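One chain comes next, on its own, written as structure tokens: the form solved without this ligand.
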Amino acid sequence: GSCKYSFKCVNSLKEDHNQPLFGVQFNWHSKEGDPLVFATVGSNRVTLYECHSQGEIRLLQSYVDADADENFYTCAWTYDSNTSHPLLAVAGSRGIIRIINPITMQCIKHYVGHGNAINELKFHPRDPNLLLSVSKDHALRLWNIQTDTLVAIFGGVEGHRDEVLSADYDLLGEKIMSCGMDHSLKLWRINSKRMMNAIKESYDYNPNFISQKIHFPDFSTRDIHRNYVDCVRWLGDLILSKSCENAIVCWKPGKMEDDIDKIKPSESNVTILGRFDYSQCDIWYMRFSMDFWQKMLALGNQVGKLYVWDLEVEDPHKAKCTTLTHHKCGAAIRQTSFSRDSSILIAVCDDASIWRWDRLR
């Protein structure tokens, strides 16, 4: 039946470059009482905004890459444990990771390892120094940004056979699920003793380091989608993933009864629980999102419509979303982001516009 979350559009902005904005991330690390700030990435630009009452969106900071042919695709927030400074990582076509310190307004760290473009960046949910990058070069990479070392390279003989498009840690940060253009979804456990020893020795390194080459994932499947898989996220111990077939598939490794932590790498079974159906999202690199509490699912389509599903109902795959639409919003929505308290939902588009949707209570 009807979904319970309702939103009102209270503002819409437009950046002066008129190039597609691919990514948008709210800073979930801000303390209670500080204003909600989010970042957008598109073209060779990084922009930071501050949300206020009555739909007001204050523009705080903007950055340009010296390289005009740089094209940022994604970003991810984190913090410095020693200095309590928020940090923002950005990356894109040139395959270079940049860490920007909005407090000092400097760019503090560059990482230039990958063989090609970076498609997604994700920070470990328990260790703010461990940064995961998925790339066009068929591999994933786990960086320690406090020691400036590369902990592991997730790829090789049984890794992805084409571009890696997305990945996501589980809630407690024990395992990673990746996907890409080889139709596959692969599981990499980072709570194995090899990985656990690699992380700590990466912390113990000081110059007078070799990274751990993980060839075999702890699970793999091509049997969820029939095309490229361009976005994956964990839903507890189940998986949400999507392709160009106008559906988000909710599945789990193995048969219905199987524990995620006892799935052996040999597992040839998967179980489809259901599909979140929608329409007009068949172009590539359109990413869905969830709020912190993983109670809402948001996805934009290629003609400016914004779908929000309630994830807490008994049959989320059988319940209607609420479509958020505006007469002046017609450009493809590349990514959305909820504030930590789910009060605000921001959507960025291919025409460099920004749309603020405020939850009605």
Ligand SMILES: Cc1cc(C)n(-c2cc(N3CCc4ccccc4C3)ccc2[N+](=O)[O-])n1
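One rule holds for the numbers: they count along the sequence shown, beginning at 1. Only the largest set of C-alpha atoms that superpose within 1.5 Å between the two forms is called the rigid core.
Only in words, not in the display: the form solved in complex with this ligand, which the text now covers.
Placing this ligand onto this chain by superimposing the site C-alphas, using its pose in the entry with it bound, gives no ligand atom within 2.4 angstroms of backbone or C-beta atoms, which makes the site open. Taking non-hydrogen atoms only, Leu165 approaches this ligand to within 4.5 angstroms in the entry with it bound.
At the 4.5 Å threshold, heavy atoms of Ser178 stay clear of this ligand in the entry with it bound, well away from it.
Using a 4.5 angstroms limit between non-hydrogen atoms, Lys305 is distant from this ligand in the entry with it bound. Taking non-hydrogen atoms only, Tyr73 approaches this ligand to within 4.5 angstroms in the entry with it bound. Proximity to this ligand in the entry with it bound, defined as a heavy atom within 4.5 Å, singles out one entry of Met286, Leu88, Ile224, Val151, which is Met286. With this ligand omitted here, the record of contacts in the entry with it bound names 286-294 of 286-294, 100-108, 216-224, 79-87, defined by a heavy atom within 4.5 Å. Taking the core as reference between this form and the one not shown, the lone member of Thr83, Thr104, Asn227, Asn269 whose Cα moves by 2 Å or more is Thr104. Shown in the overlay between this form and the one not shown, fitted on the rigid core, is a CA shift at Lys318 of 2 Å or greater. Look at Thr104 and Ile354: in the entry with it bound their Cα atoms come 3 Å or more closer than in this form.
Note: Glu15-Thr104 Cα separation is 3 Å or more shorter in the entry with it bound than here.
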